[PDB]
Structures are given as C-alpha cells and as structure tokens.
4 protein chains.
Amino acid sequence: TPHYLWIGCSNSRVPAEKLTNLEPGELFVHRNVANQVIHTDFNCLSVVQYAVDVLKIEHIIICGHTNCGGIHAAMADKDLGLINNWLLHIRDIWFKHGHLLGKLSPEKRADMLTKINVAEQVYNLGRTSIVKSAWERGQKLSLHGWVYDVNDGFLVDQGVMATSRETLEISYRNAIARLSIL
Amino acid sequence: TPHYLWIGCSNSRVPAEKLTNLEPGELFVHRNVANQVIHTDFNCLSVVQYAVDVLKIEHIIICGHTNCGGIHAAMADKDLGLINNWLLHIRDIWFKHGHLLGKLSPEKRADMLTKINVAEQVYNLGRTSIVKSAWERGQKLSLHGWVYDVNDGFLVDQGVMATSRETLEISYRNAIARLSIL
Amino acid sequence: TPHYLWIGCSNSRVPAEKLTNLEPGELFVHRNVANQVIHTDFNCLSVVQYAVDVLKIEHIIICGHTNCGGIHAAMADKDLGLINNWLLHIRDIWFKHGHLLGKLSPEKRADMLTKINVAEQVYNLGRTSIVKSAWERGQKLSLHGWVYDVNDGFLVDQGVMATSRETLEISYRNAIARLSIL
Amino acid sequence: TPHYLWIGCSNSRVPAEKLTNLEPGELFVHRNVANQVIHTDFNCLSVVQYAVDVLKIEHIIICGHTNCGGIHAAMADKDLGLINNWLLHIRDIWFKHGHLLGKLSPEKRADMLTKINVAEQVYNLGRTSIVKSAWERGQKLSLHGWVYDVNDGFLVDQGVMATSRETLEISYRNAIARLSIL
Ligand SMILES: [Zn+2]
Ligand SMILES: [Zn+2]
Ligand SMILES: [Zn+2]
Ligand SMILES: [Zn+2]
C-alpha cells in the first residue's frame, strides 16, 4: 500500500517518483494544473479521501514547482477555456496576496505565486474535513507543501507542513509571513 | 513540450514515465481515482485543456489498471465519503454494462469494469469540446485508452483509440461491443 | 424551516413556488440547467446535503420540465461552452437510452429525454450517500422526480419516487420500463 | 426569453419572482447554498453560461440574504459533509475579510459575511470568462449583487454592480472598501 499522497502539477517535469526517493508504489498521485486543492473539487478531494480514508496515507505532499504553466496562466490574460475557471482560484490567491506580489519583480512574481499557491493549497487541503477528520480521529497525517524548482531542487520554501489543524494555522500563516518578508 | 497527456489512476502501482519507456518531461499527467474524465470535472478537463491547447499535445492516454481500488470501491457498497460521489460515475458504468458484468465471474468483473471504464473515459474525453475543438481545428490529437495490468506487462490496447469524434464513436462502441462478447 | 427540496431547472417558467402549493418558505430550492443531480456536483449535492442534513428536509423533488432548454441543448450540436460539459451528463442519459429515443418521433425525443432525465437524476440523487444515509439512519426522506409541462401540469410521468434505496431501484427501473413502453 | 439570471441562495425565504415584482418567466434562476459562484462550479456557471449565451440575459443578479444558513454554516466549525467543501469558499471569504469581521460584533458578522459574499460572488461571476466574453463581444450584461434582508425589505444594493470587467474591479473593490469602513 502507498504511504504518501502526492498532489503535484500535471507538468511533465515534476513527476513525484523522480522528485522523491519513494519505493515503487509508495506514491498515491494526483496531479492537476498548478497542483490545486480546490475546496469543491471532487477529483482532487477524492484522491485525498481515498488516500486518507482507504489507504490511510499519512503524508500528503502538495508539491508545486517553479516555472509552472498554471501559475503563469493564472497570471496571464489568455482565454484557456476551462483552465480560466480552474486558474481563477489561483488568481484569487494572486489577488489575496496582491500587496506582496505587486512589490515583487514581475518575473519573480510567478515564482512567489507558486510558493504562495502551495501554501494556500495545503491550507485548503488541511481545512478539508477529510484531513480535519483524519486528525480529529487521531490518524497520523502530515500535509507538506513544497515547491520544486526545475534547476534547484526544493525552494526551501519548506513552509507548509501541518500535522494538525493548529499546525496548519501556524505553518500557513507562518509561510505567508515568511514569503512576505522582502 | 511533452507529447502525451497521461490520464491515469492515482494508484502508485501506475507510474507513467516508468511504465512507458518515455522520457521524464514527456508526460503531462493527470491522475485521479479510477482515471476518470468526468464531463464536469474541471480538474481533469483543465489538465486536458492545458494539454490540448497549451501544450498542443497529440496523444491523450487514459490508462486504467487492474486491481484498481477505484474500480473496486465503485463496486463496493462502502461509504467512502467524497469518493462515493466520484465513484458513482464508475457505478453508472458498472450498471450501464451490468449485463456484461453480470455474465462475468465476480473478479474478472473488477478488471472488466476497469477496461470498460477506460473506454467510457476515453469516450468522455473524446466528447469533450476541448478535444472536439482540437480535432475540429485540425489539431492532431489521438485519444488512447489503455489498461496497465498491474501484475504484468500492460494491455497497450483497450481498443479505444480516437483521432476524431467519428473515430471516437467507432472505437468506443466497438470496444464496448467487444468487451461485451468474449 | 423548509420541508421540501426542489431541484428544478433554472428555466424561468418552472419556478417551484408556482408549480407547487407550498407555504412561503417551505421550499429549499436548487435549480440548474436541466435539473441535474450529477454525482460529483458539489453545488447541487451541497444543497441536497444542506437540505437533508441541516434542514432535515423529508422531500426532495427533482422537477424537470418539457421544452427544457437544457434537454434541447443536450441533444443539440451547439458549442455552449461549460454547458457542453454540463449537458454531457444528459447526453450520457440520451445515449444510455438511445434505443428508446431513436424510436421516438424526433420532436417527442426531447420530451422523452426530459422524462428520462428526471428518472436518472432521482436515481442519482437516491444513490448519493447523503440520501442513502438519511435513509440508512432511518430519516424520512422521499425523492420525487416529476416533469412539469408548460401547457399541461405534470406529465403524470409521476414515476420517480423513492423513500428508500430499494424503492429507488424499483421506481427507477420501473419508470425506465414505463417510458420504454411505446 | 427571461431578462435576468437570478443567482440566489437555496433558502426558501428568498423566492425571486415574488420578492422582485418581476413576472414568473422573467427570472432564469440558479440557487445554491449561500448563492455562490465558484470558479470551477459547472453547475452555477452552466446556468450563467446558458443565461448569458443562450438567453442573452442582460442582468445577472446574485442575491444573498440575511440569516443565510449557508453563511452561518460557513462560520460554524460543524462537519456538514459535502457542505463543508462548498462553504470553505465562503470561509475563504470570511478569512480574507477576517479583520473586518473581527472588528464586528459576532452577529452583525454573519450578515456582513452575507454582504461580502455577494460581492465576492459578483466578483467571481464577473471574472467568469463567460461573463467576460459577453462583455468583450458587446453583450449588454450587468452583474448585480444584492442582499435580501430576510426580515425586511431588501438591500437593492450591495454596491456591487458591473457592466464590464473594469466596472467589476471598481464596484467590487469599492464594495469591499466600503464594507470594511462603517
Ligand atoms: Zn505546473
Ligand atoms: Zn486505480
Ligand atoms: Zn429546463
Ligand atoms: Zn442562504
């Protein structure tokens, strides 16, 4: 059985098995554009549920990555059909952290939004009743939100780790605080 | 750019870049429970849309797999939270083809539904207006439905394979016809 | 508090309060294009849940109606953006009952698909774990699927009533049987 | 044809054709819990899309309402199944404006979030590529955000009102600004 859920980007360069060292078959995997955990996405939350409730997975990694098409698209004006809907959530995050991102060098803005996004998705994941329950019923379950850079390993935006709803609060607000340091 | 969208199951026992000899960086990936393409799932369809429109991918592989817990769960009566919703589509598929599955021995059954599912999902994928437009505007785009025999090689063909909406009808209906007659 | 959930079409001529005689405030209302209950629609199922679990509603009416734009669109070839995704579920129903509908007079085909649709949505609704639970925990909860005709009151396609998962099976397969009589 | 899409809450205490003096047959309606327009909700957005593209509606009224159980539930910690997912968007809105709501007395709070929600939802509705395209192609389309005071008249203005994407930014941001400053 798998012990890890990897929520990553569909992006071809970011596959769990090569960013991780996990034994073959340890990785339950969900990938979607910009590694989102939208509150009302049955797709992702079904994986999270199946992971958490069927497989009793104890680690969920939301891995985002740099130079992520989703993030760029989120920030772009292009009509990408359904992607617009999907990335609107990311734009929400973008707008929510507009103070911070406005400051940043336009190019780095994408990479910040990637870091932030992961934070937000973990925050989303961790506020899921799926995860909140796993915890509430004392199941061990750690959420991690990382950002993998194509040319750099993990951005050490480590930030995003929750093992409880409370640690989520701290980690999340903490990560957001860290990222705001500039 | 990658050349394949791989829509597969979140089941680790199916790592795409490994089980195809394809390069890492060549598989745009979406995985979800029982590798579904639900008409109204922005998650998957965003991946597809990103794949088809942004990456201009030419091959969408929906790859199911045997001993897929998704498929098993669909056939269980067990309340698996959000997953029940997700898997009710698979149960539609089960019941849609209940007669075929009725005829089958109750283990063959799972692996049949697994194959059928791939077909249904290809069919869904191909009636996507995303995929349909790609085709309508001459975008070379083939849909492929495979099942990875988890305990084995790899059924590099469920027969379902569409390079157009019409080839979709044929391939799919033929696949179903076939799978209904061994 | 409301005692009835009305899942109807967004169609302006089909508002619950005027097709029903219910006291002001008795109607929890969800309407969407072609009054669907898609397994993985958080929107509708949230209303169903809220209805069933918060409001302890004891009656869910999926009211469809004749000359329903959704149904027509379902059957039509038009690109209606997100509507295509949404009505693809209805097309599924259409294709699932293609034998029956193929027979029918093209015009009546739409009205049959409307009757069928309601059956299917109730079937969907009733296989929801929300409803299955209400029942499993002995809560009184009756699903009704009707089809209101603009010029005729209810099509007496009465069919579609479930007060239990078993009655759903019967009512549903029964309704489908009735509709197949031609 | 109807001239208004009414996006409201499933709460019966809000019947649209009645509370507006509008004709029955003039309100295309979507209702859901806390009258949300989630970027990735095909349900609502299909209604909107049908409204905007098929019915060529010129007014989308998102109408929230006071003592909205949706809003209350969002603010409760209670596990309400699928509804938690649905309401996590409202909780984002709550927390997004936590400071404002922090400042408020904990009852004003609900009715504030109710108003804020309408604004957020209008904002979401207006960043819909559905609505954005209608505008981009000169379709006369105004978005309106109202709150029906359930115990009263009707706040025929939350201030949020957009006839374009730019008027969307202004109206929305202004609404938020306002609601943050009484
Ligand atoms: Zn990416
Ligand atoms: Zn599987
Ligand atoms: Zn209709
Ligand atoms: Zn309400």
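Residues numbered from 1 in each chain as written, not as in the entry; some residues may be left out. Chains lettered and ligands numbered in written order. Heavy atoms only, no water.

Its PDB header names X-ray crystallography as the technique used to obtain the model and reports a resolution of 2.600 Å.

Chemist: Honestly, the overall build of chain A in this entry has me stumped. Any pointers?
Modeler: In terms of regular secondary structure, chain A is built from eight helices and six strands. Counting from the amino terminus, helix and strand elements in chain A follow one another as β-α-β-α-β-α-α-α-α-α-β-β-β-α. Along the three orthogonal principal directions, the C-alpha set of chain A runs to about 40 × 30 × 30 Å. A buried classification covers 67% of the 182 residues belonging to chain A. Within chain A, contacts between residues separated by at least 24 positions form 63% of all contacts whose residues are at least 6 apart in sequence. Total accessible area on chain A stands at roughly 6,500 Å², and carbon and sulfur atoms take up 52% of it. (Helix = DSSP H or I, 4+ residues; strand = E, 2+ residues; numbered from the N terminus. Buried < 20%, exposed > 50% of the residue type's maximum accessible area, 1.4 Å probe, protein only. Contact = heavy atoms within 4.5 Å. Areas by Shrake-Rupley, 256 points an atom, 1.4 Å probe, with all protein chains shown as cover.)

Chemist: When you look at the relation of the copies chain A and chain C in this model, what are you seeing that I'm missing?
Modeler: One copy of the chain maps onto the second through a rotation around an axis plus a translation along that axis. Rotating chain A by 180° and translating it 0.0 Å along the rotation axis places it on chain C, where the RMSD comes to 0.0 Å. Here the symmetry operator amounts to a two-fold rotation axis. Most of the interface of chain A is mirrored in chain C: 100% of its interface residues are interface residues there too. (Least-squares fit on C-alpha atoms.)

Chemist: I'm lost on the coordination of the zinc ion (ligand 3) in this one. Help?
Modeler: Each donor-metal-donor angle would ideally measure 109.5 degrees in four-coordinate tetrahedral geometry, or 90 or 180 degrees in six-coordinate octahedral geometry. All names here are of chain C. Protein coordination of the zinc ion (ligand 3) is provided by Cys 9 (SG), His 65 (NE2) and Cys 68 (SG), with donor distances spanning 2.0 to 2.3 Å. Taken in sequence order, the residues that donate to the zinc ion (ligand 3) follow the motif C-x55-H-x2-C. Accessibility classification places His 65 together with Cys 68 in one group, the buried group. (Donors = N, O, S within 2.8 Å, 3.2 Å for Na, K, Ca; no water.)

Chemist: Any chance you could explain the coordination of the zinc ion (ligand 1) here in plain terms?
Modeler: All names here are of chain A. Ligation of the zinc ion (ligand 1) by protein atoms is provided by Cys 9 (SG), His 65 (NE2) and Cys 68 (SG), these donors lying 2.0 to 2.3 Å from the ion. Read from N- to C-terminus, the donor residues coordinating the zinc ion (ligand 1) fall into the pattern C-x55-H-x2-C. Taken together, the residues span a long stretch of sequence, with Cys 9 in strand β1 (residues 4-9) and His 65 in strand β3 (residues 59-65) at a distance of 56 residues. For the pair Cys 9 and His 65, a shared accessibility class is recorded, and that class is buried.

Chemist: What am I meant to see in the packing of aromatic side chains here?
Modeler: For any pair of aromatic rings, geometry is given as the distance between the ring centres together with the angle between the planes. Following the criterion strictly, the structure yields 26 aromatic pairs over all chains and no others. With a centroid separation of 6.3 Å and 45° between ring planes, the pair formed by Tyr 123 of chain B and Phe 95 of chain C is classed as tilted. One end of the pair, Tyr 123 of chain B, is in helix α6 (residues 108-127); the other, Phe 95 of chain C, is in helix α4 (residues 82-96), on a second chain. You can call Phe 95 of chain C partly exposed: its relative accessible area is 23%. When the ring of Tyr 148 of chain C is compared with that of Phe 154 of chain C, the centres are 5.4 Å apart and the planes differ by 70°; the resulting orientation is edge-to-face. In this structure an aromatic cluster arises from ring pairing among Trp 94 and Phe 95 of chain A together with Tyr 123 and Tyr 172 of chain D. (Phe/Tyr/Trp six-rings, centres within 6.5 Å; stacked < 30°, edge-to-face > 60°.)

Chemist: I tried to follow the relation of the copies chain B and chain A on my own but got confused; where do I start?
Modeler: Expressed as a screw transformation, the operator carrying chain B onto chain A has a rotation angle of 180° and an axial translation of 0.1 Å, and the superposed copies differ by an RMSD of 0.8 Å. Interface overlap between copies: 97% of the residues of chain B at the interface are likewise at the interface in chain A, consistent with a symmetric, same-surface contact.

Chemist: Looking at this model, I keep getting lost on the pairing of strand β1 (residues 4-9) of chain C. Mind explaining?
Modeler: Successive residues of a regular strand alternate their side chains across the two faces of the sheet. Residues and elements named next belong to chain C. Judged by how many residues are buried, β1 sits mostly within the fold: five of six residues are covered. Where β1 meets strand β2 (residues 27-32), six bridges bridge the pair, whose relative direction is parallel. Note that in β2 the partner of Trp 6 across the bridge is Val 29. In this structure, β1 lies alongside strand β3 (residues 59-65), joined through four bridges in parallel fashion. Bridge assignment links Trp 6 to a residue of β3, and that residue is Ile 61. (Pairing = 2+ DSSP bridges.)

Chemist: For this particular structure, what's the right way to read a negative patch on the surface?
Modeler: A contiguous patch of negative charge on the surface is contributed by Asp 77 and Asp 79 of chain A together with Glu 136 and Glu 166 of chain D. Its place among the elements puts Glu 166 of chain D in helix α8 (residues 165-179). The class for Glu 166 of chain D is exposed, based on a relative accessible area of 55%. (Patch = residues over 30% accessible without salt bridge, like charges linked within 9 Å, V, L, I, M, F, W, Y side chains within 5 Å. Salt bridge = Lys/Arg side-chain N within 4 Å of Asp/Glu carboxyl O. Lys, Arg positive; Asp, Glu negative; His and termini not counted. Charge placed at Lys NZ, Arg CZ, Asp CG, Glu CD.)

Chemist: How should helix α7 (residues 129-136) of chain C be read in this particular structure?
Modeler: Owing to its 3.6 residues per turn, the α-helix aligns residues three or four sequence positions apart on the same side. Residues and elements named next belong to chain C. In terms of burial, α7 is largely enclosed, as six of its eight residues are buried. When we look at burial in α7, the residues that qualify are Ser 129, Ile 130, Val 131, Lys 132, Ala 134 and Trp 135. Positive backbone phi, approximately 70°, marks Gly 138, located one or two places after α7.

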